[PDB]
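Undergrad: Questions regarding the structure given below will be posed in turn.
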Amino acid sequence: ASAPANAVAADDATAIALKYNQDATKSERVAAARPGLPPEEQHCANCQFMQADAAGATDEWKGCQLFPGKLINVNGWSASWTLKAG
Ligand code: SF4
């Protein structure tokens with residue numbers, strides 16, 4: 001439940017550029033509708049680019065390639081998601 005001290009801020013420069021919503025339920029994913037899988041089934045957990053092996057990862061909060069020294073919620077989402085197809 002509780003967010004980690006280093007939660008990626010939704011309003012971080014990176015989160016802005018990426019449109020990282022932190023919550024997939026509220027996420028613009030619905031509109032952004034990335035290819036691969038329907039928006040409802042998209043979140044960081046399924047993201048090709050996610051560093052699961054983040055230095056400090058935990059189940060709810062994994063690392064994103066572009067967001068070092070913070071963690072993104074696995075049930076969050078951003079624009080450059082891409083369904084894990086590799
Ligand atoms: S690139 Fe992937 S892991 Fe990183 S914030 Fe976007 S959806 Fe999440």
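Lettering and numbering for the structure tokens are positional, with chains as A, B, ... in the shown order, residues counted from 1 in each chain, and ligands counted from 1 in the shown order.
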Can you tell me which residues come within 9 Å of ligand 1 when counting only C-alpha atoms and all ligand atoms, ideally as a PyMOL selection string?

TA: chain A and resi 14-15+18-22+42-52+62-67+72-83

Undergrad: Residues near stretch 1-7 of chain A, anyone? I mean within 8 Å using only C-alpha atoms, not counting same-chain ones fewer than 6 positions away, as a ChimeraX atom specification.

TA: /A:60-61,69-73

Undergrad: Mind giving me the straight-line distance from atom CA of residue A:31 to atom CA of residue A:68 in Å, one decimal?

TA: 27.2 Å

Undergrad: Can you check which residues of chain A DSSP gives as helix (DSSP H, G or I) on the backbone and send them as a PyMOL selection string?

TA: chain A and resi 13-18+29-32+39-41+44-46

Undergrad: For the selection you just gave me, I'd like the residues written to a file as an mmCIF file, in the first residue's frame, keeping N, CA, C and O atoms.

TA:
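Contents of selection-v4.cif, freshly written:
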```cif
data_model
loop_
_atom_site.group_PDB
_atom_site.id
_atom_site.type_symbol
_atom_site.label_atom_id
_atom_site.label_comp_id
_atom_site.auth_asym_id
_atom_site.auth_seq_id
_atom_site.Cartn_x
_atom_site.Cartn_y
_atom_site.Cartn_z
ATOM 1 N N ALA A 13 10.062 15.826 -13.954
ATOM 2 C CA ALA A 13 10.317 16.180 -15.346
ATOM 3 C C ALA A 13 10.096 14.952 -16.230
ATOM 4 O O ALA A 13 9.377 14.990 -17.231
ATOM 5 N N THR A 14 10.677 13.832 -15.806
ATOM 6 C CA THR A 14 10.527 12.562 -16.473
ATOM 7 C C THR A 14 9.073 12.100 -16.483
ATOM 8 O O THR A 14 8.581 11.662 -17.522
ATOM 9 N N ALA A 15 8.360 12.209 -15.356
ATOM 10 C CA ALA A 15 6.982 11.761 -15.317
ATOM 11 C C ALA A 15 6.103 12.630 -16.213
ATOM 12 O O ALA A 15 5.139 12.133 -16.792
ATOM 13 N N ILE A 16 6.457 13.910 -16.356
ATOM 14 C CA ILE A 16 5.738 14.838 -17.214
ATOM 15 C C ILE A 16 5.938 14.369 -18.648
ATOM 16 O O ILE A 16 4.975 14.034 -19.338
ATOM 17 N N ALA A 17 7.202 14.318 -19.080
ATOM 18 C CA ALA A 17 7.553 13.931 -20.438
ATOM 19 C C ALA A 17 6.933 12.583 -20.806
ATOM 20 O O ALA A 17 6.413 12.414 -21.907
ATOM 21 N N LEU A 18 6.980 11.626 -19.880
ATOM 22 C CA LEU A 18 6.472 10.286 -20.110
ATOM 23 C C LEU A 18 4.946 10.209 -19.961
ATOM 24 O O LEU A 18 4.369 9.201 -20.359
ATOM 25 N N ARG A 29 -3.826 6.142 -20.206
ATOM 26 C CA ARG A 29 -3.744 4.891 -20.952
ATOM 27 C C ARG A 29 -4.997 4.639 -21.792
ATOM 28 O O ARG A 29 -4.885 4.349 -22.977
ATOM 29 N N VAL A 30 -6.176 4.803 -21.191
ATOM 30 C CA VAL A 30 -7.478 4.667 -21.836
ATOM 31 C C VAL A 30 -7.500 5.366 -23.203
ATOM 32 O O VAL A 30 -7.939 4.783 -24.191
ATOM 33 N N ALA A 31 -7.026 6.613 -23.260
ATOM 34 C CA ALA A 31 -6.991 7.396 -24.486
ATOM 35 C C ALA A 31 -5.778 7.015 -25.332
ATOM 36 O O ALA A 31 -5.871 6.859 -26.547
ATOM 37 N N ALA A 32 -4.621 6.899 -24.682
ATOM 38 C CA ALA A 32 -3.344 6.674 -25.340
ATOM 39 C C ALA A 32 -3.249 5.305 -26.025
ATOM 40 O O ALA A 32 -2.415 5.146 -26.920
ATOM 41 N N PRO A 39 -5.766 -0.976 -23.335
ATOM 42 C CA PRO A 39 -5.267 -0.067 -22.314
ATOM 43 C C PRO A 39 -5.506 -0.570 -20.890
ATOM 44 O O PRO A 39 -4.623 -0.481 -20.040
ATOM 45 N N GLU A 40 -6.682 -1.134 -20.632
ATOM 46 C CA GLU A 40 -7.076 -1.676 -19.349
ATOM 47 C C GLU A 40 -6.057 -2.695 -18.821
ATOM 48 O O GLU A 40 -5.832 -2.750 -17.608
ATOM 49 N N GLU A 41 -5.407 -3.456 -19.706
ATOM 50 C CA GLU A 41 -4.406 -4.449 -19.343
ATOM 51 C C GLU A 41 -2.978 -3.887 -19.380
ATOM 52 O O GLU A 41 -2.023 -4.655 -19.271
ATOM 53 N N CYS A 44 3.049 -0.572 -15.871
ATOM 54 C CA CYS A 44 4.501 -0.719 -15.754
ATOM 55 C C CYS A 44 4.894 -2.187 -15.543
ATOM 56 O O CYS A 44 5.840 -2.668 -16.156
ATOM 57 N N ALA A 45 4.135 -2.940 -14.737
ATOM 58 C CA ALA A 45 4.371 -4.372 -14.543
ATOM 59 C C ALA A 45 4.599 -5.145 -15.854
ATOM 60 O O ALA A 45 5.347 -6.120 -15.872
ATOM 61 N N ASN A 46 3.927 -4.733 -16.936
ATOM 62 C CA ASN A 46 3.938 -5.412 -18.232
ATOM 63 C C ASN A 46 4.864 -4.710 -19.232
ATOM 64 O O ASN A 46 4.844 -5.050 -20.413
#
```

Undergrad: What is the atom CA of residue A:12-atom CA of residue A:57 distance in Å, reported with one decimal?

TA: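 Atom CA of residue A:57 lies 19.0 Å from atom CA of residue A:12.
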